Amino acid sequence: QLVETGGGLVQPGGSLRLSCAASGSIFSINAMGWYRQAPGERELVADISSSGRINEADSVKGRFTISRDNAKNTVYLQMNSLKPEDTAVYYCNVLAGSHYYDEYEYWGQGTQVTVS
């Protein structure tokens, strides 16, 4: 139920913008975000609650900007000043649940981002 857009290959200093929209049973949708995994662990890049809380990896502070359109249940990730270390497969992540925060967890299919 997650449709991701974005991704590609850029040179250092380039920019990508990722998006991922959720549909279906998301009455109690909570935090949406982006993870990244390079070959050889999976790491949280950024997430955002519907209420405005943002978590962000120190590695990308001041370069990546996450935002959310609550009406579309869509989260965006503006990735500027990209560096070779940002190369990985990026997954959108969606948490939902009335009974607890991460009762339901949905993963995107992953889109490749490469910087060189």
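Residue positions are given as counts along the sequence shown, with the first one as 1.
I want to verify a possible break: how many residues of the deposited sequence sit between residue 52 and residue 53 without any coordinates (none, 1 to 3, 4 to 9, 10 or more)?
Unmodelled stretch: none, continuous chain.
Tell me which of 75-83 and 30-38 has the higher mean C-alpha B-factor in the deposited entry.
Per the deposited B-factors, the answer is 75-83.
For the stretches 98-106 and 6-14, which has the higher mean C-alpha B-factor as given in the deposited record?
According to the entry, 6-14 carries the higher average C-alpha B-factor.
Looking at the C-alpha B-factor of residue 56, is it in the lowest, middle or highest third of its chain?
Its C-alpha B-factor belongs to the middle third of this chain's values.
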